[PDB]
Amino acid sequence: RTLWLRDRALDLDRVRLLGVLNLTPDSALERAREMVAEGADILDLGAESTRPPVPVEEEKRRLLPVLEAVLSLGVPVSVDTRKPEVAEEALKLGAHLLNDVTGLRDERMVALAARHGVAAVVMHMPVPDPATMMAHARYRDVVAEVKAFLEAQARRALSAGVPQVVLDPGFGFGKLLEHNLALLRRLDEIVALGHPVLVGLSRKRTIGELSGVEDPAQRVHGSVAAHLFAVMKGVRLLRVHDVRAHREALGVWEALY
């Protein structure tokens, strides 16, 4: 199994890490270089917060400048945006992967991905808006519903020409602890859909709730634990903040499992 990165293929015979490089206010090259040094396989840059919600119409000056710089490192770069407007400029500069939190609901995003021959991440979110997503954190059967959505969006994207689709359950996005636990426990069912699967629980509320850690910045141990469980379920792509911690844990885990 491999992941297409616009002009190169990354083998998923071992877990690959997407180092998060937030380009927002509260919660580049120097840190990007550090993550690469720590073992990041892909650098995931985002300029608009999807936290459970400030809309930013011209985030081009936020991202593109850092992006161009980061792309000079020679490492694959994932662009996290829900605006076709932003993606196009990102893809034209060299982006290798498009990470869309709105789950490719926008045809413009699908069209662009297909046009540039770039894979796209389809993430589940009950509704296209992060400001009200938590307001819709209710499902008849969350696993069944998230699975159906991911598969349907992936199908829609592929038949449109998108080379490949990566599925992401979207932990924490319009989901309460119970929903995240359910998805984690049955994550193998999403892996069984045949597409590469990506997950990211780094420092999320669910980790805080289960580990009893008040400060999001001190949740690395619960985050590593959740991610190892996901790896055990077949996931080979992880979105993380602490790259070194994960590389160290995986060094042990992959030699044992």
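Note that residue numbering follows the sequence shown and begins at 1.
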Margin query: Can you tell me how many deposited residues have no coordinates between residue 52 and residue 53? The categories are none, 1 to 3, 4 to 9, and 10 or more.
Written below: 1 to 3
Checklist line | Extent of unmodelled deposited sequence, residue 28 relative to residue 27 | finding: 10 or more
Check: Between 88-96 and 156-164, which has the larger average Cα B-factor in the PDB entry?
Finding: 88-96
Note to self: If you average the CA temperature factors as listed in the entry, which stretch comes out higher, 173-181 or 101-109?
What the structure shows: 101-109
Item checked: Most elevated Cα B-factor in the entry, residues 77, 127, 187, 122 -> 127
Check: Highest Cα B-factor in the deposition, which of 226, 199, 64, 210?
Finding: 64
Checklist line | residue 146 - Cα temperature factor, lowest/middle/highest third of chain | finding: lowest
Next item on the list: Using the B-factors in the PDB entry, rank residue 60's C-alpha atom against the chain and give the third, lowest, middle or highest.
Entry: highest
Check: Would the CA B-factor of residue 32 place it in the lowest, middle or highest third of its chain?
Finding: highest
Item checked: residue 240 CA temperature factor, ranked by third within the chain -> lowest
Next item on the list: Could you tell me which third, lowest, middle or highest, the C-alpha B-factor of residue 214 occupies within its chain?
Entry: lowest
